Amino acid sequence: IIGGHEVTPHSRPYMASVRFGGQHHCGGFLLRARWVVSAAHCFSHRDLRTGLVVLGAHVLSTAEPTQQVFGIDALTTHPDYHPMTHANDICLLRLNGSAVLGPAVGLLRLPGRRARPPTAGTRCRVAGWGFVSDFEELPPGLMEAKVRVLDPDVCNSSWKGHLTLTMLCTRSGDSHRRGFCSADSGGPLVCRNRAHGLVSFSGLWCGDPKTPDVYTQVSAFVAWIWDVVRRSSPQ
């Protein structure tokens, strides 16, 4: 997270850390006890068995008593995911057990099945354990930046017309660079307590207004998410 601040430990109980080979790779969020939503691009060419999902975390390096670590039983990538464009950059992770909910582990609500994306100007918050600068510097713990939704057409112009309809963007409320960075991918964009966006991609410089922060527009995938969860209910 760029231009953010460290959160009060366990104040975002839905935050998930997706590890590969022991190291934190991407973010995600707890949807249900055995379901985590993350970004499709986080799992490309990766052996699922090398992956772990950490809930109830603050300081990733500490074996915190609130931490709940799980294995991935099944990765369901969006069938129409396009790595070249980041179209449909969403996936579901079925955990090898059910998270025990409490103060440090909770769920984040999805938008309405047919909800519109948030309008330009909507105040949102984005969290992660990704880089805090363009110098590959890791945060002390879970971090969060305050962002505002940016006009999708203005965003599309800055991205030289490569955005899809199911994408939304953000900007900082002020002159300071605020947004996500590498390893924040898959983490949610929370606007009025709903997961409206999911960290997808950005430019060479984190939070740079010339290459605005692009998110997967979550509301367009709610019907798909529930159909995956439901069809995997009997197992």
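A residue's number is simply how far along the shown sequence it sits, counting from 1.
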Which is higher on mean Cα B factor in this entry, 33 to 41 or 58 to 66? 58 to 66
Test of understanding: from the entry's C-alpha B-factors, which stretch has the higher mean, 49 to 57 or 182 to 190? 49 to 57
Which listed residue, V149, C91, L101, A145, has the largest C-alpha temperature factor in the record? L101
Per the entry, which of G130, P79, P111, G97 tops the list for Cα B factor? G97
Looking at the entry's B-factor column for C-alpha atoms only, identify whether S172 ranks in the lowest, middle or highest third of its chain. middle
Chain-wide C-alpha B factor ranking for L204, given as lowest, middle or highest third: highest
CA B-factor placement of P9, once the chain's modelled residues are sorted into thirds: highest
Taking the values exactly as deposited, rank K160 by C-alpha B-factor within its chain and report the matching third: lowest, middle or highest. highest
Could you tell me which third, lowest, middle or highest, the C-alpha B-factor of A87 occupies within its chain? lowest
